[PDB]
Structures are given as C-alpha cells and as structure tokens.
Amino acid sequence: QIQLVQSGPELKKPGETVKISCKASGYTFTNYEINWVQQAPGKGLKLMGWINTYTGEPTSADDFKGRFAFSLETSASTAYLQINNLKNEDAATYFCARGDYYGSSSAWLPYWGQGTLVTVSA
C-alpha cells in the first residue's frame, strides 16, 4: 500500500530555485517522518534533513543548512524540498524516504520515492 511519488526531473540554471514534491499514500501520513537524501556523483548518499509530518517542524543536516528548505502540506500528504541559489554541486538525484522506528535504535528508511534528477545547466 505504501508509496512515495516525487515530482519529475528538473532542468535549472545556477542561481535559480527548484521545489521537489514527495506525495505519500497508503498509510497515516503524520505517523512517520519524511527524510530527504542526496545522491550526488562521487559523493555517495547523504542525509539532507527530515521533517516532522505531524507538526511540520523540519531539521536540516549541518552541510545543508541555508539554501535547503524542508516544508510540508499535510492536507495533501506531501513533503517538499526547495533548493535556493542552485550551484553546480547541487546537480544530483534527490530522494524522499519514510523513517520507521523498529525499537532499540533510531529510524531507518524502508520506503523510498523514485527519485528526482536535478540538472544544473549553465
């Protein structure tokens, strides 16, 4: 039942802004946090931040504080990633993932969106 659907690929220029969506369905949306992961070439997978879907309060990882904003739309069961002042290094595939707690540990990521490719063309 569980599905996370993201917006399509984005072709942007340096300095512009891009807003990626993550639509959730098949479960109680506010029961699970949404996490955002960056997969940039040569850098591996990096957790960018996560958002409390119940209160809407986001949290950014250290390296993504500033130009990266995480927001919410509970009525549509949708989480958003917005990147401001796009740089070349922001070119990557971006994933949203649901965080689940199974006990005696922090949350892991059992369900991922299909990914969103962001291309920075100069």
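Numbering starts at 1 and follows the sequence shown.
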| property | result |
| --- | --- |
| Higher-B stretch (mean Cα B-factor, as the entry records it), 76 to 84 or 31 to 39 | 76 to 84 |
| Mean temperature factor over C-alpha atoms, higher-scoring stretch between 58 to 66 and 45 to 53 | 58 to 66 |
| Where the record places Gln3 (Cα B-factor, split into thirds across the chain) | middle |
| Assigned third (lowest, middle, highest) for the C-alpha B factor of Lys23 | middle |
| Chain thirds of CA B-factor: placement of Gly15 | highest |
